[PDB]
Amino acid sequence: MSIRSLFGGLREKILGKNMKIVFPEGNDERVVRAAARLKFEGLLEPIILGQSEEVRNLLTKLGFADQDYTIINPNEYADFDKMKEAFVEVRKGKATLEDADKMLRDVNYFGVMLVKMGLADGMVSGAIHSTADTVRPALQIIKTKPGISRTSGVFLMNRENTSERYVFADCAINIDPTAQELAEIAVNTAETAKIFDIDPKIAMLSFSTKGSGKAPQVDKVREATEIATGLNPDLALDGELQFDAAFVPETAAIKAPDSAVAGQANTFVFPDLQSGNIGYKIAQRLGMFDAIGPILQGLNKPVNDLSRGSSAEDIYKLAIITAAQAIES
């Protein structure tokens, strides 16, 4: 079960389903060469943003056919009206046709808008903008799914030479989750994990294992664990587990017997951003796991953010994941 097998699986899931993804960054040649690649492999239709002629130039500058791309210019939009309205039609108080005309100019807002207006199934951005410039419009226009209150960023942790595939607990968005949010993040992750062929066995991480440590942050995790089991009884979830108790059978046997998850987890939810962000990077660098970029979860429509300094292949992969997400919709 390699990274190539994993993507051969996601690729079969979206091939032909003609999903449409918006690529705000029609500037960056990485995005273009990835869009181009996805388009002619039959995986999705790219909706590139930028001055029609401009982007069309980069397409040839990079040696690509010049026609058939669905390029759209935010400034010059053949319907910047229906859209400029649909915007205030969502921000009421802040809703302001005079504002909308200036904001929906920004390639990201425009993109999110195009998705909100059912004009595109999803979006991939962030190769040239801050995470905020993608996560913000996405939260205002499209929003959290009905059952969730906050988004989270999961990392597909793969280490093929060892036959190991895991998922990690918001290592990007929530600074310090609420037992409530933490439970939503957990329930949310298990659904994402499924997209990557994982059969969840969630462990709520802490520095305590079933009461071995005592503190408010410990309570927050146990609490969340409980709330999670409530939200969805069918998940294999176990709460207040230290990493070792979640990962190795010898310790679980001791620290957490009778556990449906301990000793064999594959889905790890972290207490807070500090632990999660530091944690996955340790697993990546010291553990040598490949970390498939932040994948946002819990939106009505999928919108993902690339990283500072990604590759065209990186974009290609993210978009595939994005489309595969728009299918669960």
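When you see a residue number, it is the position in the sequence shown, counting from 1.
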On mean C-alpha B-factor from the PDB entry, just flag whether 95-103 or 128-136 is the higher one. 95-103
Using the B-factors recorded in the PDB entry, average over the C-alpha atoms of 236-244 and of 69-77, then report which stretch comes out higher. 69-77
Quick one: which of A260, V269, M288, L44 shows the highest Cα temperature factor in the PDB entry? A260
So among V31, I292, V55, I282, who wins on Cα B-factor in the entry? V55
Would you please rank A215 by its C-alpha temperature factor against the other modelled residues of its chain and give the third it falls in: lowest, middle or highest? highest
Chain-relative C-alpha B factor for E89 (record values, thirds): the highest
Could you tell me which third, lowest, middle or highest, the C-alpha B-factor of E12 occupies within its chain? highest
Lowest, middle or highest third - CA B-factor, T225: lowest
Going by the CA temperature factor in the PDB record, which third of the chain does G26 belong to: lowest, middle or highest? middle
